[PDB]
Structure formats: C-alpha cells, structure tokens
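Input: a single structure, listed below in structure tokens.
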Amino acid sequence: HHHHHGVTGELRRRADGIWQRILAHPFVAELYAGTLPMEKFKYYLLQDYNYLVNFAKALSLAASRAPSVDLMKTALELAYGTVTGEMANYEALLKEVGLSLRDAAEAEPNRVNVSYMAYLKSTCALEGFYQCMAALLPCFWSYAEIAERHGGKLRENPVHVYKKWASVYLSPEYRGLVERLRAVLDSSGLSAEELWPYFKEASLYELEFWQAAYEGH
Amino acid sequence: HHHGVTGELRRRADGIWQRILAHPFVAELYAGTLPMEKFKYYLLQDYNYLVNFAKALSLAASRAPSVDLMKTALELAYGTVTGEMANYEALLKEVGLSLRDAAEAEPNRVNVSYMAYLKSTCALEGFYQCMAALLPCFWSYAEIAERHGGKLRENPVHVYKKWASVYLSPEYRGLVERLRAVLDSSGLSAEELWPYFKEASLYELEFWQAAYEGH
Amino acid sequence: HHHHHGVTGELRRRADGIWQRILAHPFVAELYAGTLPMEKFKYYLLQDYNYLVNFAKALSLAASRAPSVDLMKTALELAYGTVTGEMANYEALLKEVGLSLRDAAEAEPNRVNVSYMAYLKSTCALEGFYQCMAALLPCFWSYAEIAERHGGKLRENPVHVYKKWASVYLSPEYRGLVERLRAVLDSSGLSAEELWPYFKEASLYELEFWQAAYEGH
Amino acid sequence: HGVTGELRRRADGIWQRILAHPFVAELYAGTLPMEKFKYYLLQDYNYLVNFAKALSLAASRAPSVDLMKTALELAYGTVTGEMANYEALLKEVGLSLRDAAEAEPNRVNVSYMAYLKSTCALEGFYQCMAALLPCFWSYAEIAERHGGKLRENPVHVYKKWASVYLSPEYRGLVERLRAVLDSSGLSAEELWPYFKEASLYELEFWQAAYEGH
Ligand SMILES: Cc1ncc(CO)c(N)n1
Ligand SMILES: Cc1ncc(CO)c(N)n1
Ligand SMILES: Cc1ncc(CO)c(N)n1
Ligand SMILES: Cc1ncc(CO)c(N)n1
C-alpha cells in the first residue's frame with residue numbers, strides 16, 4: 001500500500017484491474033509453480049528475447065532525447081543493464097534449453113509481440129521522454145511485482161530454468177532499475193493523468209503478451 | 001498484378017488478403033447494409049489512423065535514399081492531408097461528427113498497434129522496407145474497391161458511396177501504381193520485404209474486424 | 001516597427017547583431033545590385049539546392065512529431081511546399097544557368113552547408129516541435145527581410161536570373177509563409193529564452209553560409 | 001590493414017594536423033594554460049553528452065543484436081568511462097555540472113554534435129560507426145603519440161584526463177569499433193565521407209578550444 005506514494009503509485013492503482021489479471025495469469029502462476037510445460041517456456045523465451053532486443057532499442061531512443069544528462073544516464077543504464085542482466089540471463093537460458101541465438105533470430109514474433117515492440121519503439125522515438133518512461137515502466141515493474149507475488153512457490157518449484165529465469169526479477173539489482181525508473185517519473189513534474197495512456201497501453205500489452213505465450217499463438 | 005516483387009508479395013499474402021476482401025464490414029459497406037453506427041465508429045478510428053499514416057510517410061520521407069524517392073514519399077504524405085484526410089473530414093461532418101469528436105475518439109487496440117507499427121517502421125527501417133509496410137494499406141483498399149465496386153450501383157447510402165469513390169478513383173489507383181513501381185524498382189527481393197508487407201496486411205484484417213465489432 | 005510584437009520579435013531583436021551582418025553581407029548586396037559574379041551565383045545555387053533538399057527533410061521530421069494536427073499540417077506543407085516552391089524554382093534557376101540536377105547531386109556541399117544541414121536535421125529529429133520551428137524560422141525570415149532591404153536595387157539590376165531568384169522572397173506567398181511561421185511560434189506559450197539558442201545557431205549559420213558562398217569555400 | 005586502416009591512411013593529412021596540434025602538444029606537455037583546458041572541458045563535456053545520444057540513435061538501428069550491443073556498450077562506456085572522468089575533472093577544477101549545462105557550445109561544437117546526431121539518426125548503421133570512429137580513434141592515437149611527455153607533465157588534471165585514452169579499456173572500445181567496420185561488408189570508399197567529415201571536425205574542435213573561440 002505504501003508503494004502508492006506518488007504519480008507512479010497512482011498509475012499502478014488505476015491499472016489495478018489490468019495488473020491483477022497479469023498477476024493471476026496462468027502462464028505466470030504455472031511458471032513460478034513449476035508446472036508450466038517446457039514447450040510454452042521455450043516459445044516464451046524465443047518471443048521474449050526478441051522483445052528485449054527491441055526493448056533495448058526503445059530505451060536507446062528515449063535516451064537519445066533525455067531532457068537532462070542525468071535522465072540520459074538513466075535510460076542508458078536501463079538499456080545496457082537490459083543487455084547485461086535480462087538478456088545475458090536469457091541467452092544462457094536459451095542455451096541451457098537447447099536453443100541457439102540463431103534460433104532466436106529466426107523465431108517469428110507473434111502479433112502481440114510485433115504490436116508491443118512497435119508501441120514501445122514508436123513511443124520512444126516520438127513522444128516526450130517522461131511519456132516514454134511511463135510506457136516502459138509497466139514492463140519493468142509488472143515483472144518485479146509478479147515475482148513479489150509468486151516468489152514463495154519457487155522453493156517448491158522443481159524446474160531449474162524457471163527458477164533461474166525468476167531470480168533476476170527478485171534481485172535487488174532489478175528492483176533498483178524499477179525504483180530508479182519510478183523515481184524519475186514521480187519527480188517528472190507531470191501528472192498521473194498525463195502519463196496514464198502510456199502506462200495503460202503497455203500494461204494491456206503485458207497481459208496480451210502472457211496470454212499469447214500461454215496459447216502458443 | 002503478379003509480374004514483379006510486389007506481385008510476389010501480394011500473392012504470398014493471398015490468404016490474408018482474401019479474408020480482407022471477404023470481410024463482412026467491407027461487403028456490408030459496399031452493399032449499403034452496414035449499420036451507420038459501425039461506419040461512424042470506423043470513421044473515428046480511421047481518421048486517427050490517417051493522421052498517423054501521414055506522420056509515417058513523413059518519417060519515411062525524412063530518409064529517402066534519393067530526391068525522387070523523397071519527393072514521392074512527401075507527396076503521398078501531403079496528398080494524405082488533402083486527399084484522403086480532406087474527404088474523411090467531410091464524410092464525418094455529413095454524419096454529424098466534428099474534428100473535435102475525432103480528436104476525442106479513443107483509438108482501439110488494433111488502431112494503436114497498427115499506427116505504432118507503421119510509425120515504428122518508418123522511423124527505424126530501410127526506406128523500401130517502410131514502403132513495403134505502407135503498400136498493403138494503400139493497395140488493399142484499391143483492391144477492395146475493385147472487388148466490391150459493382151454493389152455501389154445498388155448501394156442506397158450516399159456517405160458509403162462517397163467514402164468508396166476515392167478508392168475507385170484513378171488518382172488513388174495511380175498512387176497505388178506508383179508506390180508499387182518504387183518497390184518493384186528497389187532491387188530487393190520479396191522475402192526481404194515480406195515481413196513488412198505481411199504484418200501490415202495482418203493489421204488491415206484486424207482493423208476491419210475491430211471496426212466490425214465496435215471493439 | 002510592427003515586427004517588435006511577441007516572442008519572435010524578441011528573438012529577432014536579440015539576433016540583431018547577427019542579422020545586420022547578414023543584411024549587409026556583400027554577397028547579398030551584390031546579388032541584389034546585380035554586381036555579383038555569375039560564378040559565385042552558380043556556386044551558391046549548387047550549395048543551396050542541397051540545402052533545400054535537406055531543409056525539406058528537416059520539415060518532414062518536425063512534422064513527424066507535431067503536437068497537433070494543425071501544427072503537423074503546417075510542417076507537412078512547408079516540407080512539400082518546399083519541393084513545390086523554392087526547390088521547383090531553383091531547378092529552373094539552375095537549368096537557365098546551364099547546370100543540371102545531376103550537377104546538383106554531384107556538387108559537394110561546403111563545410112558550413114554540411115554543418116547547417118546537420119544542425120537542422122539533428123534539431124528536427126530530436127528537439128521539441130517549437131524548438132525546431134525556432135531553428136527553421138531564421139532561414140525563412142532572413143531571406144524575406146533581406147529582400148525587404150535590398151528589393152529597391154532590383155529595378156536597377158541588369159541580371160535576369162538574380163531578379164528571378166529574388167522574386168520568390170518578395171512574393172506575398174513567401175512573406176506569408178514567414179508570417180504563419182511566426183504566429184505558430186508566437187502562440188506556442190514558450191518564452192524567447194527557451195527558443196533563443198535555436199534561433200541563434202540557425203542565424204549564425206545563415207551568416208556563415210553567405211560568407212562561404214562569397215569565398216567559394 | 002583493413003577498411004579502417006584504409007580510412008586512417010586516407011585521412012593521414014588531417015590526422016597529422018590533429019596529432020601535431022598545439023592544444024594537444026601543450027596538454028600532454030603540461031604547458032597548456034588552465035583557462036584553455038577549462039574552456040575545453042566545458043565544450044567537450046557537452047560534446048560527450050551528445051556523443052552518447054548519437055551512439056544511442058545508432059543503436060536504435062543496429063542491423064543485428066550484436067551490433068546493437070556494441071553501440072550500447074560504447075554509449076554506456078562513454079558515460080561510465082570518459083564522462084565520469086570529466087565530471088571528476090570539472091569538479092577538481094572548480095566547475096559544476098550546472099556550469100557545464102550553462103556553457104554555450106562554440107560553433108564547431110554545435111556543428112560537430114549536429115553532424116554526429118544527424119548521421120546517427122538518418123544514415124546506415126555502419127556509416128554512423130564510420131562517423132564515430134575518428135572521435136574515438138584519434139584520441140587513442142593522440143595518446144599513443146604524446147604519452148611519453150606525461151611522465152614529466154607537472155599538471156595532475158591533464159594527466160588524469162589523458163589516462164583514459166591510454167587505458168586498455170578505451171583502446172578496446174576503439175578496437176571493437178574498428179572490427180565492426182572492418183567486417184561491415186562495405187568498402188573504405190563508401191565509409192570515407194563519414195570518416196572524413198568527423199576527422200575534419202576533430203581538427204576544428206581542437207583549434208576552437210585553442211583559440212577560446
Ligand atoms: C514482455 C516482457 N515484459 C517485460 C519484461 C521485463 O522487462 C520482459 N522480459 N518481457
Ligand atoms: C486502415 C486503413 N488502411 C488504408 C487506408 C487507405 O490508405 C485507410 N484509410 N485506412
Ligand atoms: C541557406 C538558405 N536559407 C534559407 C532559405 C529560404 O528557406 C534558403 N533557400 N537557403
Ligand atoms: C571532441 C572530442 N572528440 C573525441 C573525444 C573522445 O571520445 C572527445 N571526448 N571529444
């Protein structure tokens with residue numbers, strides 16, 4: 001309840017309907033429980049890796065237009081940090097699961113992936129810096145909160161790769177990317193209302209992305 | 001209309017295009033049986049589209065690899081403010097909707113996605129790849145007209161007929177024709193351009209469906 | 001006197017130092033007087049078409065993120081109304097002087113040209129829409145004011161091409177362009193201070209451009 | 001040896017002027033007046049910010065995941081490497097980040113920053129890299145040439161400034177950027193105009209910093 005401090009708290013609360021569906025999504029619950037079929041995870045990894053590449057490009061775009069040096073530093077940190085944290089982890093997860101980077105490059109993105117990646121890049125290439133951040137926040141934050149909610153099931157999760165995947169989102173370093181991004185938005189000088197459309201769309205794509213990964217769309 | 005790279009693209013997208021061509025929204029629209037509320041809903045959505053479409057052409061224009069290609073991109077763009085957009089401005093007014101209503105209409109999810117796809121592409125990808133993403137949007141509407149044009153003669157609704165007149169017009173067809181020749185002169189293969197032509201085509205299908213369900 | 005009004009008037013008056021140097025530049029005075037050596041004009045035409053081409057692209061970029069349909073409609077007009085006007089005539093100015101569009105494509109831009117074109121494109125790709133307009137205004141406005149100042153010497157100007165060149169910048173269609181550009185900025189709600197850096201740099205480039213054209217750089 | 005070697009050789013006339021520039025020679029020797037260094041730090045810090053933005057743009061358009069990573073590592077390594085140093089240098093010399101934000105860029109700086117951002121937002125990825133290479137590489141080579149004068153350079157800040165360009169980590173950014181270009185699939189000739197313009201700006205930038213513009 002105390003995360004509901006400022007602008008970003010307001011945004012999170014407005015998206016509660018969406019986020020509760022994300023938090024309660026069967027893909028998520030199964031993944032953390034250890035019951036998710038490995039083929040679905042494989043399919044998810046292929047899709048999500050492509051999303052991360054394009055997510056890094058989106059951060060790059062936002063960085064190209066940061067209204068201050070510090071803000072530019074934050075976006076770059078989020079971008080290199082995405083390559084150095086998540087993507088490195090994914091690269092290793094693919095390898096352990098018998099998928100190559102070439103397989104990744106050859107995996108066709110599903111429709112939601114195309115649309116979501118498009119939305120983030122479009123926004124980050126054309127909208128105000130803080131609007132971009134608002135569009136990028138749900139991606140970062142939802143994954144942390146998902147972890148914060150289903151973390152307990154990991155101790156009973158028999159699958160090693162699912163646990164390794166989840167470890168990033170429980171890590172203080174990842175929660176710090178989240179905290180840092182929220183701090184940027186809470187001090188942006190802009191209202192929750194101005195930021196809402198961006199935060200909302202991205203949140204809706206996060207829900208469709210999990211669904212798409214669940215039904216191997 | 002199957003003689004070069006764009007013909008190759010069209011034929012590879014046949015599965016998708018046939019679904020578009022046979023979509024109930026389209027058939028009803030040309031037949032004159034489409035409920036006015038669905039048309040209104042469609043007009044609101046499509047304006048936001050066209051505005052963003054214009055921006056996409058602008059972006060593509062911004063890095064045409066030749067003056068000619070830029071001049072082209074740029075015409076299609078301005079010609080989208082005074083060509084399709086002008087028309088739509090009237091069509092709305094006749095239906096009792098203001099530009100303000102247009103500005104206030106929330107785009108549906110497909111519209112957001114599609115607009116994002118075109119702008120994203122046009123801001124980032126090679127000029128020809130952008131054109132390949134933009135072609136289905138232009139061409140499908142011409143072909144839709146080429147297919148359902150006959151029903152207009154029996155179509156009792158004036159606004160639907162006025163809407164359709166643009167896509168039957170030689171000026172629109174020529175636009176389409178020129179756009180193809182740009183691509184067919186690109187010197188790139190179909191498979192290089194396929195992904196872009198495909199996605200856009202898929203969006204066109206989802207757009208009609210979204211307009212049909214009042215999404 | 002009545003170009004003293006609002007934000008753009010403020011900008012003009014701050015750039016007075018720079019603008020008076022432009023308005024009194026020998027290239028300009030000789031061009032209107034009819035004394036400018038044809039070779040310098042030819043050189044100028046080669047450079048300036050490359051400019052106009054890139055100017056068009058810059059408008060296109062600004063258009064790409066106009067914050068309103070009206071503002072966008074404008075940008076798009078200038079960008080196309082630059083292929084349609086200025087660029088169209090220039091094509092005739094060159095043909096008359098025995099230079100082809102191919103010659104234009106092959107003319108290497110001088111360093112100022114490169115720099116200026118880069119500045120406009122860079123700005124229009126990255127900066128706020130109004131900031132872009134502020135960068136673009138000097139280019140438009142200086143040429144009108146140059147005409148407003150040296151227009152009288154045209155009746156005594158024996159060179160037809162120079163007079164044809166000048167006719168655009170005396171035309172109500174061009175002068176109005178400037179008027180609309182100014183009103184766009186004057187209604188922005190942005191201060192002079194915020195727009196100054198962009199107006200200034202462009203103005204400095206206009207001065208260097210004339211100098212470069214004068215010395216055959 | 002490869003495409004980038006070809007580029008360097010073609011720009012030899014320009015680079016020898018950069019390598020022999022009095023600003024550079026004085027900076028490494030320790031004879032550069034502190035006011036000129038201060039003036040340079042203000043200008044160059046602004047340049048590095050915009051240089052990072054340029055790399056960001058080029059990254060947004062990398063034709064491969066790996067290429068996107070390289071640009072990203074260059075951009076971020078520019079923040080955490082060179083920019084962090086300049087921040088320490090500015091502070092040690094009594095200049096704030098605010099002073100930096102308020103410093104008006106000189107004409108060459110505006111033009112050079114514009115060139116890089118223009119290119120990186122609109123040209124092919126490898127053309128961008130060709131535009132960015134001279135910036136990175138010239139500084140390494142300058143260091144490679146004037147490094148010896150440092151041992152006896154009495155000025156600490158000049159030495160600290162130079163330390164980055166002698167460092168294996170900075171040379172690695174350079175080597176990695178060359179390798180990207182050497183295997184780009186493109187000719188020296190296609191890349192030349194970009195490498196050249198940047199090189200010419202590097203020379204004007206030093207001159208501008210020397211004359212206090
Ligand atoms: C679709 C998606 N959203 C968010 C994340 C976490 O940044 C991810 N890896 N993938
Ligand atoms: C969605 C859509 N596609 C194409 C056109 C015609 O360019 C249009 N008006 N709307
Ligand atoms: C350099 C220059 N500036 C302005 C104009 C007028 O837009 C022009 N034609 N050339
Ligand atoms: C002007 C300039 N060129 C190159 C470097 C090295 O990246 C720098 N810091 N500044």
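Following the order of the structure tokens, first chain is A, next is B, and so on, with residues numbered from 1 inside each chain and ligands from 1 in the order they appear.
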Contacts with ligand 2 at most 7 Å, only C-alpha atoms and all ligand atoms counted, listed as a count of residues only: 9
Taking only C-alpha atoms and all ligand atoms into account, list the residues no farther than 10 Å from ligand 1, as a PyMOL selection string. chain A and resi 44-45+47-53+55-56+78+82+86-87+90+112-113+116-117+136-144+165+168-169+174+177-178+202-203+205-210+213
Find the residue from C:184, C:134, C:66, C:93 that sits nearest to residue C:163; use only C-alpha atoms when measuring.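 For residue C:163, the nearest of the candidates is C:93.
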Show me, as a PyMOL selection string, the residues that have an atom within 9 Å of residue C:157 when counting only C-alpha atoms, minus same-chain residues fewer than 5 positions from it. chain C and resi 31-35+162-163
Mind checking which residues fall within 10 Å of residue B:195, counting only C-alpha atoms, ignoring those fewer than 6 positions away in the same chain, and posting them as a list in words? residues 108 of chain A; 9, 129, 132, 133 and 201 of chain B
Would you return as a PyMOL selection string the members of stretch 66-158 of chain C that DSSP assigns to alpha helix (DSSP H) on this structure's backbone? chain C and resi 69-83+86-96+101-106+111-126+129-150
Up to 9 Å from chain A, what residues of chain C turn up? Count only C-alpha atoms and give them as a list in words.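 Every residue of chain C that passes the 9 Å test is in residues 64, 65, 126, 127 and 128 of chain C.
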Could you dump the residues just selected with N, CA, C and O atoms as an mmCIF file, in the first residue's frame?
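Output file selection_16.cif is given in full below:
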data_model
loop_
_atom_site.group_PDB
_atom_site.id
_atom_site.type_symbol
_atom_site.label_atom_id
_atom_site.label_comp_id
_atom_site.auth_asym_id
_atom_site.auth_seq_id
_atom_site.Cartn_x
_atom_site.Cartn_y
_atom_site.Cartn_z
ATOM 1 N N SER C 64 6.703 15.093 -38.340
ATOM 2 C CA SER C 64 6.533 13.753 -37.793
ATOM 3 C C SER C 64 6.146 13.783 -36.325
ATOM 4 O O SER C 64 5.537 12.834 -35.835
ATOM 5 N N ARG C 65 6.544 14.812 -35.582
ATOM 6 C CA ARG C 65 6.001 14.906 -34.228
ATOM 7 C C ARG C 65 5.421 16.254 -33.839
ATOM 8 O O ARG C 65 5.681 16.763 -32.748
ATOM 9 N N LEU C 126 15.185 15.545 -33.093
ATOM 10 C CA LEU C 126 15.335 15.321 -31.660
ATOM 11 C C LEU C 126 14.637 16.295 -30.737
ATOM 12 O O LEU C 126 14.223 15.937 -29.643
ATOM 13 N N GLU C 127 14.527 17.546 -31.163
ATOM 14 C CA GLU C 127 14.047 18.581 -30.262
ATOM 15 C C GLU C 127 12.543 18.784 -30.301
ATOM 16 O O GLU C 127 11.846 18.276 -31.176
ATOM 17 N N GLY C 128 12.041 19.528 -29.321
ATOM 18 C CA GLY C 128 10.622 19.834 -29.265
ATOM 19 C C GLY C 128 10.195 20.500 -30.560
ATOM 20 O O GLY C 128 11.000 21.178 -31.203
#
Residue B:193 surroundings by only C-alpha atoms, 9 Å radius, close-in-sequence under 3 positions cut, as number ranges by chain: B: 5-6, 9, 128-133, 188-190, 196-198
Using only C-alpha atoms, determine which residues lie at most 10 Å from residue A:191, disregarding the query and same-chain residues fewer than 4 positions distant; provide the list as a PyMOL selection string. chain A and resi 6-8+10-11+185-187+195-196
Interface list for chain D, partner chain C, 6 Å threshold, only C-alpha atoms, as a PyMOL selection string: chain D and resi 111+114-115+117-118
